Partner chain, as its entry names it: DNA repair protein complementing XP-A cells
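Below, in structure tokens: the form solved without its partner chain, a single chain.
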């Protein structure tokens, strides 16, 4: 369901995208990988041949799409100047930069971008232990400057989370290992609105 613009017929990666359906269609971005995800292409040798192409493409693309990737192929043996100039242009024109060294990698990038349209971020979160004590001592660590030792101290002192939310600021402060700073942080974390007013 990728609406490839028909301007890149002579591209040796269209043969490398197989795990996904792609069809031609006259759209301004080079590869339209679903809603709010576009793409462009650039082989560094071609960019060397003409230093005006990619600037014109980026200028005329517009600002419609949320994520506008620009994946490029490296072939030449001296990419440092080209990479520097591309990084500057991408920063100034609000598009990310992706490097691939061979057609298979660029095709794999295409496939991943299409297949991951609503994939959750559960892959990148840290493996969190399911042990009840470990879960509680991990949830109370998210506030700054509070470590596992006083976490367990408060655990033994209070036991349940209910009255931990119920107990007041000074009552929190009385416990050992927890001074004014930790008490303020914990009280404000517990008793602050979720929404910003």
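Numbering follows the first chain given and starts at 1. Residues that one form lacks are left out of the comparison. Here, rigid core means the biggest group of C-alpha atoms that superpose within 1.5 Å across both forms.
Keep in mind that the form deposited with its partner chain bound is not shown, yet the notes after this line are about it.
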property	result
Its partner chain contact at residue 57 in the bound PDB entry, heavy atom, 4.5 Å	yes
Close approach of residue 42 to its partner chain in the bound PDB entry, 4.5 Å, heavy atom	yes
Within 17-32, the residues that have a heavy atom no more than 4.5 Å from its partner chain in the bound PDB entry	30
Flag for residue 25, CA shift 2 Å or larger between the shown form and the other one after aligning core	no
Residue 56 C-alpha shift between the shown form and the other one of 2 Å or more, rigid core reference	no
Where the chain shifts between the shown form and the other one once the rigid core is fitted, runs of at least 3 with Cα moving 2 Å or more	128-197
